[PDB]
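Single chain ahead, by itself, as structure tokens, in the form deposited in one PDB entry.
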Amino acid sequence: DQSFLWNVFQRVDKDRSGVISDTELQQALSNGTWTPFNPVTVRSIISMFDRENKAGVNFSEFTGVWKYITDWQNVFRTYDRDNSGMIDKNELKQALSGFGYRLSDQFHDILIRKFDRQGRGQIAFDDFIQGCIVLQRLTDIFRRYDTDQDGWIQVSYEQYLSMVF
């Protein structure tokens, strides 16, 4: 039912639009730090929650375009130890391993780096959805080509360069 979500479209008409472009949602969600929500994280929710190849959602899926963030906030929250809204190295060693991951101490300090901008050694939330789902899959295409049962895959200089994208 769209009436349950009709007041959500009210805030989303700076240019009357009706269809949700990338920023057409940006003002409906916080990242946890007073900054805007990174569009790179946004298009992950639309091109993934819309069949139409133009990046703009609707009822058929917006029942869930949002729903995934309501999926994602529970986890985040049910891990925040400090409740300060950020996950640390000690903290991620528990969340990652909550997702059935057997990595090691040394990767449990390599991950944080791409996403911790401020440089305090913690992940905000706009850094979480994006890149979480990205990594949620680097166990997955790493899967499609070679299950060595120790992790090794490889191809030549040829279209293996094509794979890297």
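Shifts are known only where both forms have a C-alpha. So that the term is clear: the rigid core is the largest set of C-alpha atoms that superpose within 1.5 Å between two forms. The numbering used is simple: start at 1 and walk along the sequence shown.
The form solved in complex with a partner chain exists for this protein as well; it is not shown, and the discussion that follows is about that form.
* Hey, in the bound PDB entry, does residue 29 get a heavy atom within 4.5 angstroms of its partner chain? -> So residue 29 counts as contacting its partner chain.
* To do: Decide whether residue 69 counts as a contact residue for its partner chain in the bound PDB entry under a heavy atom distance cut-off of 4.5 Å.
  => Residue 69: contacts its partner chain in the bound PDB entry.
* Asked: residue 59: heavy atom within 4.5 Å of its partner chain in the bound PDB entry?
  -> Because no heavy atom of residue 59 falls inside 4.5 Å of its partner chain in the bound PDB entry, the answer is no.
* Is residue 73 one of the residues lying within 4.5 Å of its partner chain in the bound PDB entry, judged by heavy atom distances? -> Heavy-atom contact with its partner chain at 4.5 Å: present for residue 73.
* Look at the candidate spot formed by 6, 19 and 55 and say whether its partner chain comes within 4.5 Å of a heavy atom in all three of them in the bound PDB entry. => No, none of 6, 19 and 55 comes within 4.5 Å of its partner chain in the bound PDB entry.
* **CA of residue 17, rigid core aligned, shift of 2 Å or more between the shown form and the other one** => Yes, the C-alpha moves 2 Å or more.
* Asked: Relative to the superposed rigid core, does the CA atom of residue 107 travel 2 Å or more between the shown form and the other one?
  -> Residue 107 C-alpha, core-superposed: shift of less than 2 Å.
* To do: Take the rigid core as the frame of reference and indicate whether the C-alpha of residue 98 shifts by 2 Å or more between the shown form and the other one.
  => Yes.
* To do: Explain in one word, closer or farther, how the Cα atoms of residue 101 and residue 32 are placed in the bound PDB entry relative to this form, where the distance changes by 3 Å or more.
  => Those two alpha carbons end up farther apart in the bound PDB entry.
* Segments displaced between the shown form and the other one (3 or more residues, each Cα shift of 2 Å or more, core-superposed) -> Those runs whose C-alphas all shift by 2 Å or more are 2 to 21, 98 to 101, 115 to 120, 142 to 165.
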